[PDB]
Each structure stands twice: as structure tokens, then as C-alpha cells.
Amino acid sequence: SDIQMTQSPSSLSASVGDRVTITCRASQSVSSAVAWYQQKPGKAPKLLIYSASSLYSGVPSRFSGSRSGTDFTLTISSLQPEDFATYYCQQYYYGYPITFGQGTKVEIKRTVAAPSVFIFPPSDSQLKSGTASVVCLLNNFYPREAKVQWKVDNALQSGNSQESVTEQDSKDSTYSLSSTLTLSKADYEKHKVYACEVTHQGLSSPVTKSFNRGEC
């Protein structure tokens, strides 16, 4: 009653019109009782292939499933804009419980684009409550990998910030990142320079955006 489903790769970048192949492996023999699903952010899964290679009604014929040794494979012969999503495999042989793979991300490939960096000081209302949050914004960059570092009076901050990244934009295929540095109002008013340093493949040298506390 134990089985494991492993997918490879975990992520891949392709262009509209390319051919793509994802693989899935099970730790036990299960004949061809494996299905493939598609899911987009904020939506429920959708069945594409069952019995390893049987196409479900309505799925375009550019999708296909096959076997490669013991592995299961999913292929998109001509990738279309609607095909960009996450894909899962699932086994349903009666000898093991229904088990899914960890998923495989298919992202749009474009040329490298450096981010626009913006910084926001804490608002008046928040300081009236006793807290200070600083926000650094990285707008429309590619690829996804980026690095943000907070500096306060040239001192590197650690353990007092969090960040999150959006999904790939449906129009220009870029990403965005928001980072928030939070401190108490007592500590905020002890220092002068607040900076967020950014490094990215699209930049030849790190970019810094800073402000001096009370500098209108």
C-alpha cells in the first residue's frame, strides 16, 4: 500500500510552437493505469490522458501519451499559449492508493529583461500604530531568479523581511516581486538610510534604491 510518483523535470521553459516532453516514474509496476492532468492557478484540475495514452474527448490531438521503458511520458507536439500550466501524473492501479506526482511547471520563454525597482517608506497611519514597514518592488523582469537584500545604515538585515512573486504575466511573460521589511517604530527612528539592493541576470551591476527617513 506504498507507492511514489516522481516527475521530471520540475520546470521547463519553451516557446509557442515548440515540442515538449515530460516524464513520470512510479516505484511499483502498475501496468498502464496512469493519467495526466492540467491545472492553472486558481482553477481545478482537468483530465487530459488516461490509460497512459488514451486521449480524453475534447483534448486537442497535439497532446499524446506513451511509454519509454518503465517511464510514462506526455508530449505536446506544437505548444500553444493555452498549454502553459502545471501537469500532474496519477496512478490508479487497485493494488495501491491513488497517488499523484509532484507536478511539472511549463513556463513561457522570452528574452532577459531587467526589473524596475521602486521603494516605499512607511505610511503615516501605520506609524500611528507603532510599526514601520518598507516595501521594495521589482516590476516586470525575466527570468524568475532574483535576489533582494535590505540594508539599514549600510548594515545587512536578516530575519525581518518576507517576499512573494506573482505568476508569469499573460501578456509579456514577466514576473514581479514584492518584499516587505518590518520593524518597530522605536527602531525605525534610530536609523537614517533604508535601502533595498537588487541583483538580477539582466543587470550588469547591483542596483540600489534608498531613502533618508524624513526626506520630502
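Numbers for residues come from their place in the sequence shown, where the first is 1.
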Which has the higher mean CA temperature factor in the PDB entry, 66-74 or 182-190?
182-190
For the C-alpha atoms alone, is the average B factor greater in 93-101 or in 75-83, going by the entry?
75-83
According to the deposited entry, which of 26, 156, 52, 48 has the largest Cα B-factor?
156
Which third, lowest, middle or highest, does the CA B-factor of residue 143 fall in along this chain?
lowest
Would you mind ranking residue 30 by its C-alpha B-factor against the rest of the chain and naming the third, lowest, middle or highest?
middle
Of the three thirds of Cα B-factor ranks in this chain, residue 136 occupies the lowest
Sort the modelled residues of this chain by their C-alpha B factor and say whether residue 116 lands in the lowest, middle or highest third.
middle
Based on the entry's values, in what third of the chain does the Cα temperature factor of residue 110 lie: lowest, middle or highest?
lowest
